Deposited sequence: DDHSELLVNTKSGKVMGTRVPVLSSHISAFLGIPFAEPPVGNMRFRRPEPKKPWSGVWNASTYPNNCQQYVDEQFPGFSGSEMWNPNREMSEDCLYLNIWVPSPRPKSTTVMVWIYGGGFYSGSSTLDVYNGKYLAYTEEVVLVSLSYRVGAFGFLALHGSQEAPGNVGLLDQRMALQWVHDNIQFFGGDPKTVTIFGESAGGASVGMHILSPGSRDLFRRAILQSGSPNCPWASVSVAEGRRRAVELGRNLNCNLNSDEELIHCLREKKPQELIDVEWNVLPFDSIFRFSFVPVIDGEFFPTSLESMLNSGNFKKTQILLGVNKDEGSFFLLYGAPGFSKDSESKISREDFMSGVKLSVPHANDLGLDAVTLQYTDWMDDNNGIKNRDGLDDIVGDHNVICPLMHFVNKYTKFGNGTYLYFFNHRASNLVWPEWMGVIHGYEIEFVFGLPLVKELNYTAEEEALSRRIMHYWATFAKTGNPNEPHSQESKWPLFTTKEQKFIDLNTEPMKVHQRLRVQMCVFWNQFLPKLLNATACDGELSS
């Protein structure tokens, strides 16, 4: 049977699903690790023990325990990101969509969800892999990994909560794909890992980590990169946050063992209830438990690894959206709200910059403020709002990505860069938010091909070329079919806009602002 597959872990039985008036097989909820519960909470993942009998992979698995967004109850704009299954610490599963008839040995794509390392689910409707698997004939995999304290509580030195375990969950699912995807018709020598936001940062982290490099072929990074300011912390900062988490739950803090034991007796929701209290600064776009530069998963600092070419050399395709920062301001900065145009006073602009570059002294805050203010029109509310939006996006996503791409390209085997600036016709978020962080995903997963979702015909056409670019790149290392997306090179630095207009090629994506964020401000904060 087409729905029965024999893996090295045991037999698994899928389910047939309809897609654009046709059908494909889906194997939902395949376990790849032992449930990280009880004493295994905070520990490195262990491989799933093989099972006898047939594993029912006909329904989505649980989502990992995470903070749930309740800012706009029932608003589809925000709820489409929340867990749509019951949450459970027993959440280490992967999902596979396989073309029908079963391919023999085709291109594989593995999706790694984002969510700032504190949330995310592989089961969301925008991540439904049937459209891409079907339209491009690829075997599409989506994995899961522990987030929040469960995935990233870090007490360096302890083997009980070493940190980075959520990245080790990702690695284990990739080990499983490498080892078993051939039975589903996937080619283990042609797997592309791709992800957005924290998922894109994760993809970049597996490209850097010696221990993950051999498990995949190529990579796609969407609005995220490994060196993002919110994507990692030192082992000392990770320790300080773990201790502060324990302090919030009245834990004995005399030894790592005492702290970890206490944290393990707490119900999941007790950890999530105080998670946000450990941030060191009043800040925006900062998450509590994220990867740690531990000397193992990351052998040295991310920057020296980038400088010395200490990373997987292959092809990469990556890019950013026009208004990466808007939703972080909506959710966390004074003066911004969902139902108003959010014109910002100079006072709110300034408290907004303080929130956006939490680690800066007064001189640094003045350098950012000057760089983003039009002094011939300083009380223009629209300009203040847009300037703040760009500050958040440039500092947190764009400039870190541009720095990663220029460092990568020097040693890599091929780079394709994009700038996604299409505002969807059916967007439910207000206009001031522009092309929002996460909104290129629906085009990557082909949602505009389904009539009921109400996209325009040109949006469907855009979705189809993006999917074909992503799959063609996954298959060959080049998004182009033998109008050209030019290669990004050290010298030329070309990239394309990705929207409904005829392709335009440009150069040096946000160079002006990124020289400020990647060279000047850091020098400024280091001297003062």
query	finding
Coordinate gaps, deposited numbering	1 to 3, 486 to 489, 536 to 543
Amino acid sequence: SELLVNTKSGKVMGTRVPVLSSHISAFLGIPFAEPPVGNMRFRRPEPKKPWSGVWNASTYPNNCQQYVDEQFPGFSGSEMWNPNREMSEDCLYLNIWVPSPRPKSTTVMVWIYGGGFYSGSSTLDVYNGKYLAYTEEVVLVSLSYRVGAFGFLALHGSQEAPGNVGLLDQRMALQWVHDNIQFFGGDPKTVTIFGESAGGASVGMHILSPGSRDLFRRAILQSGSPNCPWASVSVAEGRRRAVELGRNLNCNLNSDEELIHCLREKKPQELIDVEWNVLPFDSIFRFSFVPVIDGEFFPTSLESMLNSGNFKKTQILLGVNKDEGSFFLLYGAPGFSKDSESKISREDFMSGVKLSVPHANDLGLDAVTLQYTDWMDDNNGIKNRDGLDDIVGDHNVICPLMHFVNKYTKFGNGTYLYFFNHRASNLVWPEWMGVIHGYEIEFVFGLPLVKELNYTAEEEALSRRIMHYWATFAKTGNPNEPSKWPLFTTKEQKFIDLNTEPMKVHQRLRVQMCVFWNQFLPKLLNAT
From here on, numbers count along this sequence of modelled residues.
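Rigid core here is just the name for the largest C-alpha set that superposes within 1.5 Å across the two forms.
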item	value
Stretch departing more from the displayed form, 211 to 219 or 285 to 293, Cα RMS in 9 other deposited structures of this protein (core fit)	285 to 293
Of 444 to 452 and 313 to 321, the stretch whose C-alpha atoms average the higher B-factor in the entry	444 to 452
Which of 293 to 301 and 222 to 230 has higher mean CA B factor, as the PDB entry lists it	293 to 301
C-alpha B-factor winner, where the candidates are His206, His403, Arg286, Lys266	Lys266
Candidate residues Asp394, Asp256, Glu275, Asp282, the one whose C-alpha B factor the record puts highest	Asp256
Chain-relative CA temperature factor third for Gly74	highest
Ranked against its chain, the third holding the CA B-factor of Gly148	lowest
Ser356 CA temperature factor, ranked by third within the chain	lowest
Cα B factor band for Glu89 (lowest, middle or highest third within the chain)	middle
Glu196 CA temperature factor, ranked by third within the chain	lowest
